[PDB]
Amino acid sequence: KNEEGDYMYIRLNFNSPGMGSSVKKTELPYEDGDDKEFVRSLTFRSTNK
DNA sequence: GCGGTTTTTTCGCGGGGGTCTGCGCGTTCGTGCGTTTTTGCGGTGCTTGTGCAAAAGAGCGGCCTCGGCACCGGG
């Protein structure tokens, strides 16, 4: 979370392959897929802090 | 100190392949969050106790004059 000016810019990161979560290979938070593209982060702003 | 022997140090060149290194992902161990069990200094209410105006008569002690006597000196 980063309050830049009057807007609060919060970047929500999501699980993405390549040294991501500390979870072991046995259980993956996503389905295995070389052709799968992932939403890595979304940044939102709001006037209400 | 001076002359001898001859080992193994210094000199250089070629080839091999184990070690270093670029790159990636994962994890395990370093670092912060939170807590357990106990030690310590902080204060109080109450206990137990302390230093800081004449008038008059009655009675008294000191004192003094005096009484009266015993005594020294002499024969």
# chains A, B, ... in the order shown; residues from 1 in each chain; ligands from 1
$ interface_residues --of "chain A" --to "chain B" --cutoff "12 Å" --atoms "only C-alpha atoms (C1' of nucleotides)" --output "ChimeraX atom specification"
/A:17-26
$ select_by_dssp --residues "chain A" --states "strand (DSSP E)" --output "list in words"
residues 2, 3, 4, 7, 8, 9, 10, 11, 12, 13, 41, 42, 43 and 44 of chain A
$ residues_around --residues "residue 1 in chain A" --least-positions-apart "2" --cutoff "9 Å" --atoms "only C-alpha atoms (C1' of nucleotides)" --output "list in words"
residues 3, 8, 9, 10, 11 and 12 of chain A
$ atom_distance --atom1 "CA of residue 41 in chain A" --atom2 "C1' of residue 22 in chain B"
29.0 Å
$ residues_around --residues "residue 48 in chain A" --least-positions-apart "3" --cutoff "10 Å" --atoms "only C-alpha atoms (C1' of nucleotides)" --output "MDAnalysis selection string"
chainID A and resid 6:8 45
$ decode --residues "range 30-67 of chain B" --atoms "N, CA and C atoms (P, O5', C5', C4', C3', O3' and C1' of nucleotides)" --output "PDB file, in the first residue's frame"
ATOM      1  P    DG B  30      21.488 -18.849  10.183  1.00  0.00           P
ATOM      2  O5'  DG B  30      21.365 -17.252  10.079  1.00  0.00           O
ATOM      3  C5'  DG B  30      21.449 -16.577   8.825  1.00  0.00           C
ATOM      4  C4'  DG B  30      20.380 -15.483   8.669  1.00  0.00           C
ATOM      5  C3'  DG B  30      20.326 -14.524   9.865  1.00  0.00           C
ATOM      6  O3'  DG B  30      20.421 -13.186   9.381  1.00  0.00           O
ATOM      7  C1'  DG B  30      18.163 -15.451   9.369  1.00  0.00           C
ATOM      8  P    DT B  31      20.643 -11.919  10.344  1.00  0.00           P
ATOM      9  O5'  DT B  31      19.150 -11.418  10.650  1.00  0.00           O
ATOM     10  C5'  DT B  31      18.363 -10.808   9.634  1.00  0.00           C
ATOM     11  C4'  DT B  31      16.899 -10.649  10.048  1.00  0.00           C
ATOM     12  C3'  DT B  31      16.728  -9.853  11.353  1.00  0.00           C
ATOM     13  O3'  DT B  31      15.978  -8.680  11.054  1.00  0.00           O
ATOM     14  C1'  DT B  31      15.393 -11.841  11.298  1.00  0.00           C
ATOM     15  P    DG B  32      15.591  -7.640  12.231  1.00  0.00           P
ATOM     16  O5'  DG B  32      14.035  -7.939  12.491  1.00  0.00           O
ATOM     17  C5'  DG B  32      13.062  -7.529  11.546  1.00  0.00           C
ATOM     18  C4'  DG B  32      11.630  -7.972  11.856  1.00  0.00           C
ATOM     19  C3'  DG B  32      11.061  -7.323  13.128  1.00  0.00           C
ATOM     20  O3'  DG B  32       9.703  -7.004  12.860  1.00  0.00           O
ATOM     21  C1'  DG B  32      11.072  -9.672  13.318  1.00  0.00           C
ATOM     22  P    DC B  33       8.665  -6.452  13.961  1.00  0.00           P
ATOM     23  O5'  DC B  33       7.832  -7.763  14.387  1.00  0.00           O
ATOM     24  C5'  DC B  33       6.953  -8.396  13.463  1.00  0.00           C
ATOM     25  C4'  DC B  33       5.963  -9.365  14.122  1.00  0.00           C
ATOM     26  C3'  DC B  33       5.182  -8.714  15.276  1.00  0.00           C
ATOM     27  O3'  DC B  33       3.824  -9.136  15.197  1.00  0.00           O
ATOM     28  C1'  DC B  33       6.452 -10.597  16.032  1.00  0.00           C
ATOM     29  P    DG B  34       2.651  -8.516  16.109  1.00  0.00           P
ATOM     30  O5'  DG B  34       2.763  -9.362  17.470  1.00  0.00           O
ATOM     31  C5'  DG B  34       2.427 -10.742  17.484  1.00  0.00           C
ATOM     32  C4'  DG B  34       2.979 -11.507  18.689  1.00  0.00           C
ATOM     33  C3'  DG B  34       2.569 -10.959  20.063  1.00  0.00           C
ATOM     34  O3'  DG B  34       1.428 -11.688  20.512  1.00  0.00           O
ATOM     35  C1'  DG B  34       4.744 -12.025  19.991  1.00  0.00           C
ATOM     36  P    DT B  35       0.713 -11.432  21.932  1.00  0.00           P
ATOM     37  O5'  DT B  35       1.537 -12.384  22.930  1.00  0.00           O
ATOM     38  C5'  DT B  35       1.610 -13.790  22.708  1.00  0.00           C
ATOM     39  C4'  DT B  35       2.726 -14.457  23.522  1.00  0.00           C
ATOM     40  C3'  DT B  35       2.539 -14.329  25.041  1.00  0.00           C
ATOM     41  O3'  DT B  35       2.041 -15.557  25.553  1.00  0.00           O
ATOM     42  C1'  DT B  35       4.846 -14.139  24.319  1.00  0.00           C
ATOM     43  P    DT B  36       1.651 -15.777  27.099  1.00  0.00           P
ATOM     44  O5'  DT B  36       2.974 -16.423  27.740  1.00  0.00           O
ATOM     45  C5'  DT B  36       3.461 -17.681  27.283  1.00  0.00           C
ATOM     46  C4'  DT B  36       4.659 -18.197  28.089  1.00  0.00           C
ATOM     47  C3'  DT B  36       4.353 -18.294  29.592  1.00  0.00           C
ATOM     48  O3'  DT B  36       4.791 -19.558  30.085  1.00  0.00           O
ATOM     49  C1'  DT B  36       6.281 -16.935  29.169  1.00  0.00           C
ATOM     50  P    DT B  37       4.328 -20.149  31.510  1.00  0.00           P
ATOM     51  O5'  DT B  37       5.363 -19.500  32.554  1.00  0.00           O
ATOM     52  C5'  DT B  37       6.723 -19.912  32.579  1.00  0.00           C
ATOM     53  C4'  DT B  37       7.621 -18.963  33.383  1.00  0.00           C
ATOM     54  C3'  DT B  37       7.173 -18.745  34.840  1.00  0.00           C
ATOM     55  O3'  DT B  37       8.171 -19.310  35.688  1.00  0.00           O
ATOM     56  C1'  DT B  37       7.866 -16.712  33.751  1.00  0.00           C
ATOM     57  P    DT B  38       8.111 -19.283  37.297  1.00  0.00           P
ATOM     58  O5'  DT B  38       8.831 -17.891  37.647  1.00  0.00           O
ATOM     59  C5'  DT B  38      10.171 -17.646  37.234  1.00  0.00           C
ATOM     60  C4'  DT B  38      10.544 -16.159  37.240  1.00  0.00           C
ATOM     61  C3'  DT B  38      10.544 -15.499  38.624  1.00  0.00           C
ATOM     62  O3'  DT B  38      11.866 -15.590  39.156  1.00  0.00           O
ATOM     63  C1'  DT B  38       9.860 -14.047  36.798  1.00  0.00           C
ATOM     64  P    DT B  39      12.294 -14.998  40.589  1.00  0.00           P
ATOM     65  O5'  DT B  39      12.758 -13.491  40.265  1.00  0.00           O
ATOM     66  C5'  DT B  39      13.869 -13.239  39.408  1.00  0.00           C
ATOM     67  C4'  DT B  39      14.104 -11.745  39.137  1.00  0.00           C
ATOM     68  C3'  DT B  39      14.355 -10.933  40.419  1.00  0.00           C
ATOM     69  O3'  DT B  39      15.606 -10.260  40.297  1.00  0.00           O
ATOM     70  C1'  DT B  39      12.679  -9.917  39.012  1.00  0.00           C
ATOM     71  P    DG B  40      16.340  -9.540  41.536  1.00  0.00           P
ATOM     72  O5'  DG B  40      15.712  -8.062  41.561  1.00  0.00           O
ATOM     73  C5'  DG B  40      16.023  -7.118  40.540  1.00  0.00           C
ATOM     74  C4'  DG B  40      15.026  -5.953  40.488  1.00  0.00           C
ATOM     75  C3'  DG B  40      14.933  -5.136  41.783  1.00  0.00           C
ATOM     76  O3'  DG B  40      15.878  -4.073  41.750  1.00  0.00           O
ATOM     77  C1'  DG B  40      12.816  -5.390  40.586  1.00  0.00           C
ATOM     78  P    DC B  41      16.047  -2.998  42.940  1.00  0.00           P
ATOM     79  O5'  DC B  41      14.996  -1.837  42.569  1.00  0.00           O
ATOM     80  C5'  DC B  41      15.104  -1.120  41.342  1.00  0.00           C
ATOM     81  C4'  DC B  41      13.911  -0.192  41.048  1.00  0.00           C
ATOM     82  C3'  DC B  41      13.746   0.948  42.067  1.00  0.00           C
ATOM     83  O3'  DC B  41      13.458   2.155  41.362  1.00  0.00           O
ATOM     84  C1'  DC B  41      11.789  -0.440  41.988  1.00  0.00           C
ATOM     85  P    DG B  42      13.186   3.566  42.088  1.00  0.00           P
ATOM     86  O5'  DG B  42      11.591   3.590  42.272  1.00  0.00           O
ATOM     87  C5'  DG B  42      10.729   3.913  41.190  1.00  0.00           C
ATOM     88  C4'  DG B  42       9.247   3.717  41.533  1.00  0.00           C
ATOM     89  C3'  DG B  42       8.814   4.387  42.841  1.00  0.00           C
ATOM     90  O3'  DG B  42       8.594   5.789  42.728  1.00  0.00           O
ATOM     91  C1'  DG B  42       7.724   2.264  42.466  1.00  0.00           C
ATOM     92  P    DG B  43       8.477   6.714  44.042  1.00  0.00           P
ATOM     93  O5'  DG B  43       7.057   6.330  44.701  1.00  0.00           O
ATOM     94  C5'  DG B  43       5.821   6.660  44.068  1.00  0.00           C
ATOM     95  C4'  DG B  43       4.605   5.934  44.676  1.00  0.00           C
ATOM     96  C3'  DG B  43       4.264   6.324  46.119  1.00  0.00           C
ATOM     97  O3'  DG B  43       3.351   7.416  46.157  1.00  0.00           O
ATOM     98  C1'  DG B  43       4.134   3.924  45.753  1.00  0.00           C
ATOM     99  P    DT B  44       2.892   8.133  47.526  1.00  0.00           P
ATOM    100  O5'  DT B  44       1.864   7.097  48.211  1.00  0.00           O
ATOM    101  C5'  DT B  44       0.610   6.783  47.607  1.00  0.00           C
ATOM    102  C4'  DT B  44      -0.138   5.648  48.329  1.00  0.00           C
ATOM    103  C3'  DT B  44      -0.592   6.042  49.740  1.00  0.00           C
ATOM    104  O3'  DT B  44      -2.012   6.143  49.764  1.00  0.00           O
ATOM    105  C1'  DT B  44       0.504   3.861  49.691  1.00  0.00           C
ATOM    106  P    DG B  45      -2.814   6.875  50.952  1.00  0.00           P
ATOM    107  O5'  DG B  45      -3.059   5.734  52.057  1.00  0.00           O
ATOM    108  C5'  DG B  45      -3.929   4.641  51.799  1.00  0.00           C
ATOM    109  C4'  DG B  45      -4.044   3.654  52.975  1.00  0.00           C
ATOM    110  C3'  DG B  45      -4.504   4.319  54.279  1.00  0.00           C
ATOM    111  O3'  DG B  45      -5.395   3.431  54.953  1.00  0.00           O
ATOM    112  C1'  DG B  45      -2.322   3.371  54.514  1.00  0.00           C
ATOM    113  P    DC B  46      -6.138   3.790  56.335  1.00  0.00           P
ATOM    114  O5'  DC B  46      -5.074   3.350  57.456  1.00  0.00           O
ATOM    115  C5'  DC B  46      -4.728   1.980  57.638  1.00  0.00           C
ATOM    116  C4'  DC B  46      -3.439   1.788  58.445  1.00  0.00           C
ATOM    117  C3'  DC B  46      -3.492   2.336  59.883  1.00  0.00           C
ATOM    118  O3'  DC B  46      -3.538   1.234  60.790  1.00  0.00           O
ATOM    119  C1'  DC B  46      -1.386   2.718  58.776  1.00  0.00           C
ATOM    120  P    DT B  47      -3.516   1.376  62.393  1.00  0.00           P
ATOM    121  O5'  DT B  47      -1.971   1.147  62.771  1.00  0.00           O
ATOM    122  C5'  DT B  47      -1.331  -0.088  62.465  1.00  0.00           C
ATOM    123  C4'  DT B  47       0.156  -0.124  62.854  1.00  0.00           C
ATOM    124  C3'  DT B  47       0.393   0.110  64.352  1.00  0.00           C
ATOM    125  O3'  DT B  47       1.331  -0.858  64.818  1.00  0.00           O
ATOM    126  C1'  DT B  47       1.666   1.619  63.035  1.00  0.00           C
ATOM    127  P    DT B  48       1.525  -1.212  66.376  1.00  0.00           P
ATOM    128  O5'  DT B  48       2.523  -0.065  66.896  1.00  0.00           O
ATOM    129  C5'  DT B  48       3.911  -0.116  66.591  1.00  0.00           C
ATOM    130  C4'  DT B  48       4.630   1.215  66.861  1.00  0.00           C
ATOM    131  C3'  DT B  48       4.454   1.768  68.289  1.00  0.00           C
ATOM    132  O3'  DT B  48       5.699   1.645  68.974  1.00  0.00           O
ATOM    133  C1'  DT B  48       4.418   3.456  66.581  1.00  0.00           C
ATOM    134  P    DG B  49       5.934   2.113  70.497  1.00  0.00           P
ATOM    135  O5'  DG B  49       6.320   3.662  70.332  1.00  0.00           O
ATOM    136  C5'  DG B  49       7.497   4.040  69.630  1.00  0.00           C
ATOM    137  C4'  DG B  49       7.519   5.520  69.224  1.00  0.00           C
ATOM    138  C3'  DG B  49       7.416   6.499  70.401  1.00  0.00           C
ATOM    139  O3'  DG B  49       8.723   6.792  70.893  1.00  0.00           O
ATOM    140  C1'  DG B  49       6.479   7.285  68.315  1.00  0.00           C
ATOM    141  P    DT B  50       8.998   7.804  72.115  1.00  0.00           P
ATOM    142  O5'  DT B  50       9.280   9.211  71.392  1.00  0.00           O
ATOM    143  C5'  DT B  50      10.425   9.391  70.562  1.00  0.00           C
ATOM    144  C4'  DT B  50      10.485  10.791  69.935  1.00  0.00           C
ATOM    145  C3'  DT B  50      10.530  11.916  70.978  1.00  0.00           C
ATOM    146  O3'  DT B  50      11.860  12.416  71.079  1.00  0.00           O
ATOM    147  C1'  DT B  50       8.976  12.362  69.152  1.00  0.00           C
ATOM    148  P    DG B  51      12.336  13.447  72.219  1.00  0.00           P
ATOM    149  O5'  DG B  51      12.199  14.908  71.554  1.00  0.00           O
ATOM    150  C5'  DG B  51      13.016  15.287  70.452  1.00  0.00           C
ATOM    151  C4'  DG B  51      12.753  16.711  69.921  1.00  0.00           C
ATOM    152  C3'  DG B  51      13.017  17.828  70.942  1.00  0.00           C
ATOM    153  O3'  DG B  51      13.564  18.954  70.245  1.00  0.00           O
ATOM    154  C1'  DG B  51      10.678  17.668  70.390  1.00  0.00           C
ATOM    155  P    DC B  52      13.934  20.355  70.949  1.00  0.00           P
ATOM    156  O5'  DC B  52      12.591  21.227  70.785  1.00  0.00           O
ATOM    157  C5'  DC B  52      12.138  21.624  69.494  1.00  0.00           C
ATOM    158  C4'  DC B  52      10.724  22.226  69.504  1.00  0.00           C
ATOM    159  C3'  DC B  52      10.585  23.471  70.394  1.00  0.00           C
ATOM    160  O3'  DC B  52       9.998  24.552  69.682  1.00  0.00           O
ATOM    161  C1'  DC B  52       8.859  21.878  70.828  1.00  0.00           C
ATOM    162  P    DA B  53       0.022  45.998  88.687  1.00  0.00           P
ATOM    163  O5'  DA B  53      -0.062  46.658  90.140  1.00  0.00           O
ATOM    164  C5'  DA B  53      -0.693  47.928  90.316  1.00  0.00           C
ATOM    165  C4'  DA B  53      -0.896  48.260  91.791  1.00  0.00           C
ATOM    166  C3'  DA B  53       0.374  48.318  92.640  1.00  0.00           C
ATOM    167  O3'  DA B  53       0.234  49.329  93.632  1.00  0.00           O
ATOM    168  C1'  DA B  53      -1.056  46.668  93.504  1.00  0.00           C
ATOM    169  P    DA B  54       1.538  50.047  94.233  1.00  0.00           P
ATOM    170  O5'  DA B  54       0.964  51.312  95.033  1.00  0.00           O
ATOM    171  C5'  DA B  54       0.998  51.336  96.464  1.00  0.00           C
ATOM    172  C4'  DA B  54      -0.277  50.774  97.082  1.00  0.00           C
ATOM    173  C3'  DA B  54      -0.279  50.740  98.610  1.00  0.00           C
ATOM    174  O3'  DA B  54      -1.174  51.726  99.102  1.00  0.00           O
ATOM    175  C1'  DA B  54      -1.232  48.756  97.659  1.00  0.00           C
ATOM    176  P    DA B  55      -0.879  52.462 100.495  1.00  0.00           P
ATOM    177  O5'  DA B  55      -1.438  51.439 101.585  1.00  0.00           O
ATOM    178  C5'  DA B  55      -2.834  51.348 101.818  1.00  0.00           C
ATOM    179  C4'  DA B  55      -3.133  50.283 102.850  1.00  0.00           C
ATOM    180  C3'  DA B  55      -2.286  50.379 104.111  1.00  0.00           C
ATOM    181  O3'  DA B  55      -3.123  50.638 105.225  1.00  0.00           O
ATOM    182  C1'  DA B  55      -2.343  48.125 103.259  1.00  0.00           C
ATOM    183  P    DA B  56      -2.500  51.156 106.606  1.00  0.00           P
ATOM    184  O5'  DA B  56      -2.197  49.808 107.387  1.00  0.00           O
ATOM    185  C5'  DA B  56      -3.279  49.012 107.833  1.00  0.00           C
ATOM    186  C4'  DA B  56      -2.813  47.605 108.131  1.00  0.00           C
ATOM    187  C3'  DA B  56      -1.662  47.521 109.110  1.00  0.00           C
ATOM    188  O3'  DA B  56      -2.175  47.449 110.443  1.00  0.00           O
ATOM    189  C1'  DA B  56      -1.483  45.922 107.302  1.00  0.00           C
ATOM    190  P    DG B  57      -1.204  47.235 111.705  1.00  0.00           P
ATOM    191  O5'  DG B  57      -1.039  45.646 111.824  1.00  0.00           O
ATOM    192  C5'  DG B  57      -2.186  44.808 111.833  1.00  0.00           C
ATOM    193  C4'  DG B  57      -1.798  43.338 111.879  1.00  0.00           C
ATOM    194  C3'  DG B  57      -0.943  42.938 113.072  1.00  0.00           C
ATOM    195  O3'  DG B  57      -1.414  41.708 113.610  1.00  0.00           O
ATOM    196  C1'  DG B  57       0.227  42.468 111.029  1.00  0.00           C
ATOM    197  P    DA B  58      -0.683  41.028 114.869  1.00  0.00           P
ATOM    198  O5'  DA B  58       0.360  40.014 114.202  1.00  0.00           O
ATOM    199  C5'  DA B  58      -0.127  38.947 113.401  1.00  0.00           C
ATOM    200  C4'  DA B  58       1.000  38.047 112.921  1.00  0.00           C
ATOM    201  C3'  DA B  58       1.958  37.565 114.002  1.00  0.00           C
ATOM    202  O3'  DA B  58       2.159  36.168 113.868  1.00  0.00           O
ATOM    203  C1'  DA B  58       3.173  38.658 112.256  1.00  0.00           C
ATOM    204  P    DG B  59       2.952  35.343 114.994  1.00  0.00           P
ATOM    205  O5'  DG B  59       4.435  35.241 114.402  1.00  0.00           O
ATOM    206  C5'  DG B  59       4.648  34.584 113.154  1.00  0.00           C
ATOM    207  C4'  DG B  59       6.032  34.895 112.614  1.00  0.00           C
ATOM    208  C3'  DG B  59       7.181  34.552 113.558  1.00  0.00           C
ATOM    209  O3'  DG B  59       7.922  33.464 113.021  1.00  0.00           O
ATOM    210  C1'  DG B  59       7.473  36.698 112.514  1.00  0.00           C
ATOM    211  P    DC B  60       9.148  32.816 113.835  1.00  0.00           P
ATOM    212  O5'  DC B  60      10.424  33.613 113.302  1.00  0.00           O
ATOM    213  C5'  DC B  60      10.748  33.595 111.916  1.00  0.00           C
ATOM    214  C4'  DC B  60      11.835  34.605 111.612  1.00  0.00           C
ATOM    215  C3'  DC B  60      13.064  34.491 112.495  1.00  0.00           C
ATOM    216  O3'  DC B  60      14.028  33.659 111.849  1.00  0.00           O
ATOM    217  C1'  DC B  60      12.438  36.789 112.030  1.00  0.00           C
ATOM    218  P    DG B  61      15.313  33.196 112.618  1.00  0.00           P
ATOM    219  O5'  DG B  61      16.351  34.357 112.248  1.00  0.00           O
ATOM    220  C5'  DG B  61      16.624  34.669 110.882  1.00  0.00           C
ATOM    221  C4'  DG B  61      17.620  35.811 110.791  1.00  0.00           C
ATOM    222  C3'  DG B  61      18.943  35.562 111.495  1.00  0.00           C
ATOM    223  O3'  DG B  61      20.025  35.881 110.615  1.00  0.00           O
ATOM    224  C1'  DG B  61      17.892  37.548 112.368  1.00  0.00           C
ATOM    225  P    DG B  62      21.636  35.854 111.022  1.00  0.00           P
ATOM    226  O5'  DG B  62      22.003  37.262 111.686  1.00  0.00           O
ATOM    227  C5'  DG B  62      21.900  38.448 110.906  1.00  0.00           C
ATOM    228  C4'  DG B  62      21.918  39.683 111.788  1.00  0.00           C
ATOM    229  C3'  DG B  62      23.191  39.870 112.605  1.00  0.00           C
ATOM    230  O3'  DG B  62      23.867  41.077 112.131  1.00  0.00           O
ATOM    231  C1'  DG B  62      21.215  40.296 113.907  1.00  0.00           C
ATOM    232  P    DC B  63      25.201  41.653 112.821  1.00  0.00           P
ATOM    233  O5'  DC B  63      24.673  42.443 114.095  1.00  0.00           O
ATOM    234  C5'  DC B  63      23.611  43.385 113.965  1.00  0.00           C
ATOM    235  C4'  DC B  63      23.307  43.955 115.324  1.00  0.00           C
ATOM    236  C3'  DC B  63      24.509  44.055 116.258  1.00  0.00           C
ATOM    237  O3'  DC B  63      24.574  45.343 116.778  1.00  0.00           O
ATOM    238  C1'  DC B  63      22.679  43.050 117.349  1.00  0.00           C
ATOM    239  P    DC B  64      25.939  45.937 117.358  1.00  0.00           P
ATOM    240  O5'  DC B  64      25.507  47.416 117.747  1.00  0.00           O
ATOM    241  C5'  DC B  64      24.139  47.657 118.129  1.00  0.00           C
ATOM    242  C4'  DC B  64      23.963  47.685 119.636  1.00  0.00           C
ATOM    243  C3'  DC B  64      25.244  47.800 120.432  1.00  0.00           C
ATOM    244  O3'  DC B  64      25.522  49.213 120.710  1.00  0.00           O
ATOM    245  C1'  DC B  64      23.680  46.176 121.399  1.00  0.00           C
ATOM    246  P    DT B  65      26.399  49.740 121.957  1.00  0.00           P
ATOM    247  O5'  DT B  65      25.476  49.555 123.252  1.00  0.00           O
ATOM    248  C5'  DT B  65      24.194  50.186 123.280  1.00  0.00           C
ATOM    249  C4'  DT B  65      23.418  49.799 124.524  1.00  0.00           C
ATOM    250  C3'  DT B  65      24.156  50.144 125.819  1.00  0.00           C
ATOM    251  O3'  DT B  65      23.279  50.825 126.703  1.00  0.00           O
ATOM    252  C1'  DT B  65      23.473  47.885 125.843  1.00  0.00           C
ATOM    253  P    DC B  66      23.826  51.434 128.086  1.00  0.00           P
ATOM    254  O5'  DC B  66      23.727  50.216 129.114  1.00  0.00           O
ATOM    255  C5'  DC B  66      22.470  49.637 129.414  1.00  0.00           C
ATOM    256  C4'  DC B  66      22.653  48.256 130.013  1.00  0.00           C
ATOM    257  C3'  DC B  66      23.406  48.206 131.338  1.00  0.00           C
ATOM    258  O3'  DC B  66      22.438  48.226 132.425  1.00  0.00           O
ATOM    259  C1'  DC B  66      23.851  46.314 129.920  1.00  0.00           C
ATOM    260  P    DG B  67      22.869  48.055 133.969  1.00  0.00           P
ATOM    261  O5'  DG B  67      23.097  46.476 134.149  1.00  0.00           O
ATOM    262  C5'  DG B  67      22.048  45.544 133.808  1.00  0.00           C
ATOM    263  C4'  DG B  67      22.165  44.230 134.586  1.00  0.00           C
ATOM    264  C3'  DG B  67      22.754  44.322 135.976  1.00  0.00           C
ATOM    265  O3'  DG B  67      22.091  43.344 136.804  1.00  0.00           O
ATOM    266  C1'  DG B  67      24.216  43.071 134.531  1.00  0.00           C
TER     267       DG B  67
END
